[PDB]
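First structure 1, then structure 2: two forms of the same chain, each alone, as structure tokens.
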Structure 1
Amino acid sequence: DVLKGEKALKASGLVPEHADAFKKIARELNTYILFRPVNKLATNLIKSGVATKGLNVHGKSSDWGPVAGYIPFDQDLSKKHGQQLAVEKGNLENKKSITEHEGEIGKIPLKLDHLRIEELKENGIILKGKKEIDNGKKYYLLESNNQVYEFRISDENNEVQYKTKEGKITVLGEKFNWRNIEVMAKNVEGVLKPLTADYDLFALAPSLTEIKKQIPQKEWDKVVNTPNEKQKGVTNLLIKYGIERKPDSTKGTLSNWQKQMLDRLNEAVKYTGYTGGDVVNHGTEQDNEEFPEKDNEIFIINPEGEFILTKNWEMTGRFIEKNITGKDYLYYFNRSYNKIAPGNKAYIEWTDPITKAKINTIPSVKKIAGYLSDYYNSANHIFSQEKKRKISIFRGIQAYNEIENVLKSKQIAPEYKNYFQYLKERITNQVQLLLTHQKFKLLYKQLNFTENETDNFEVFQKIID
């Protein structure tokens, strides 16, 4: 239950022409292109060629009021209007961008041209009207269904200003008469150009066939051409030109292959007439382990040049497993998932197989010492496939009571026990599949452990028969 065609687009925020231009890349490179939501009020700005913010500007874009579509200096004018702490954190980020990146990033007054006003009139964002006259200047009050801020725009230069309605106090303990709406801008050939929202890639799914291409034909043969230890070849080969990512300088953590894919995306938009420059500046969300973003909708462009939109996280996961992670395509998910993200402390859950099927094991007076915890013995590659599941089951039952039935030893608290007891349950199925593959309480009595393993080793080896 997703969305497709022009409909999925009308909700992706992406600019059609660019969207369209992306199909070509999706097919050609035969890979999936997934994007996060893109500020809708900023979609037209991108089309008009406004610059998009890179990782040097963490400020929050706005989706209401005049500043709609830009990165307000005053974060309380961003999508985070209200949310006292949200506003602040943003503000600090702007300040950092403005100071830590002097000359690169800056802030300029907001000038809504003639066309833009019209657009915001359609989106029912603001409504120009009543003329004003104060310090001998001509201003037009820009109307907004907001109750906290009262705006207006110069007629002499088209600058937008904003204060606070009658004794109406704002979030961060403030209040102020006609000010000026500053916006995050980057330096473009000496002049400061205002910024907008970029196109953030949720993830990129490249067909393994393509990941091969990425690999150097000569270096691949080195281990692929019947050297036969061959699997380890194609893997440690697939890892580099496929998995391994690395921190960049402007794009967060990205992979070589991805950088290329990136450039294609940007180049693609140019052919459309986009002057602003790049519109895809950083790595995929899947590498954003610091501050994971869980978005309800993810615009997806399949290698068939089609448009698909997810409606909820749970849904995106299915699509990714049904068409990507389970369809020969190279994929991986944000390592922070199913864990507490170090930055924003986000706990984003994602189906992870290595757990789904987690019913296995792994890390005088002789009991602590000896072979009682090495179930995984590499020297099992020679032992016939039968003796495998045969000696295996034993290695398991071997640990059934390694030093396990020490449960009621004394007072051994809730996890340890509930775990060794659970671990027990695991070994149970792990050994079950073995027996059940081709055959416990079906007949565990025939398994009496009192004598050393080397003793029953013979008894058991025949018990199953």
Structure 2
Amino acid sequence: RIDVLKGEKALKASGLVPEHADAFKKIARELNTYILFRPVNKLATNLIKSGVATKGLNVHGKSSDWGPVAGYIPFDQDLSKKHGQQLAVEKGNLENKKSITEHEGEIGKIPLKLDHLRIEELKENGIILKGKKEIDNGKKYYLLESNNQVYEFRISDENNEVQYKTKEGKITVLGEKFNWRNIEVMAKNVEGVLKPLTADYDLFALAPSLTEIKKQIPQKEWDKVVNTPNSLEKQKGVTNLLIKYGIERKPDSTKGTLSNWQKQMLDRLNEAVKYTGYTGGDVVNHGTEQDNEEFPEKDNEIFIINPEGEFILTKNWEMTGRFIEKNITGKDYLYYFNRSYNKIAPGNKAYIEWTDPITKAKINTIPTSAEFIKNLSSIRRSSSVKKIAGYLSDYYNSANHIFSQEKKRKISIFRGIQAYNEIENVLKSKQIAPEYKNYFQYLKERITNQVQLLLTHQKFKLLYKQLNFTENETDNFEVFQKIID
């Protein structure tokens, strides 16, 4: 049992338009595939529903979740939800600035217009209240109050334009002060007219069933593999089709990095909402969060729609991990987690943890030569026996496939103790680098657990005495053979 939210209560916490999430129930069932979304600006839901255009990757400025511009993407990023955070606002503004120029004609900016109906919605949401009247240079204005401390807003009675200015004595995050001026919002070009943008739906992940992936493979490419006499090549061949038609992703000009089944899913999803009436265009504009390797986000709550059309919403990252583990990654579904997890993302330096089974096994398996080297390439950051990088290359020798398990275990348990030897006498020399001594005291431990394992699979230091290091050929391998009995 895991404390997740369900149905209506979960849909409410998602930020998605109800009609839309319902339309999405279909696709989840039809294709049998889990659809996982990231939080959606709760103040953007009504805008989206009323048909406001959503935003693509060509606009990275954040949306607002407060004040008269809640839901839209303010040009001035200090009006966005990143309000008050100087570094974020600056990155935000630099982003809007690039969008306006690097995409001149496609992305622009226009004065925010709060219409009669939106004002009401903002009142119900307790975001702003229509205040007292005011006249300026022969123009009628009504103030718009907000519990905000730095700014003050008012709206024009003639054309409904909203303006803002800094407060007496108050300063901006960027250290500015200024009087009355329009609030500009990011817009996209539609038939020669600039239309305001709002948040869109961001897929956190997509987990399709393996059978659903099969349909992605040409039924005659698969056949040529299903009928391969040799097994070892048949397997590699089956795996390569999985990689090819389900795992592999590629960068797209505007949808970021995604696979091909993902592109179809994208399309079905956007079509699904159009059938329900959404008139703004696409609502899902790019690949999933799992390919956001440079600037990974980590949300507490993920909104999930399972293949049975049900609504789930996890409470915290750990819970999102349990769910995916118990119902997807361990239940015959295609899935892959962000490559940046368990690392320091380059972009934002984020360090998001995620359970990786391959590592759980690390402690009990011995490293391949490569891994041995690449760990002398990363170890040689904070700062000649090639025999070890050879033995390890010997341990994982494909030739082993013509022998019997009994045989395999024997020669491996040997090739291991071999590597556990060279490493031993290296540590017997000079602790060259204080921290290198660890890599070895460590390998030794792995090598140990690995050998010790193969042995119990049949019948360590106890046997590391009665053995040859002395002269160096197949003479040592001799005593060994007999010892294991």
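Think of the rigid core as the biggest set of C-alphas that the two forms share within 1.5 Å after superposition. Counting starts at 1 and follows the sequence of structure 1.
Peer 1: Using the rigid core as the reference frame, would you say residue 11 shifts its C-alpha by 2 Å or more between the two structures?
Peer 2: Comparing forms between the two structures, the residue 11 CA shifts below 2 Å.
Peer 1: Any chance the CA of residue 453 moves 2 angstroms or more between the two structures, core superposed?
Peer 2: Yes: residue 453 shifts by at least 2 Å between the two structures.
Peer 1: Aligning on the rigid core, do we see the C-alpha of residue 406 shift 2 angstroms or more between the two structures?
Peer 2: For residue 406, whose C-alpha is compared between the two structures after core superposition, the shift is 2 Å or more.
Peer 1: Cα shift of residue 164 between the two structures after core superposition, in Å?
Peer 2: Taking the core as reference, the C-alpha of residue 164 is shifted 2.0 Å.
Peer 1: Please report, in Å, how much the Cα atom of residue 369 moves between the two structures when the rigid core is superposed.
Peer 2: So the C-alpha of residue 369 has moved 10.0 Å between the two structures.
Peer 1: Fit the two forms on their core, then tell me the C-alpha shift of residue 42 between the two structures in angstrom.
Peer 2: So the C-alpha of this residue moves 0.1 Å.
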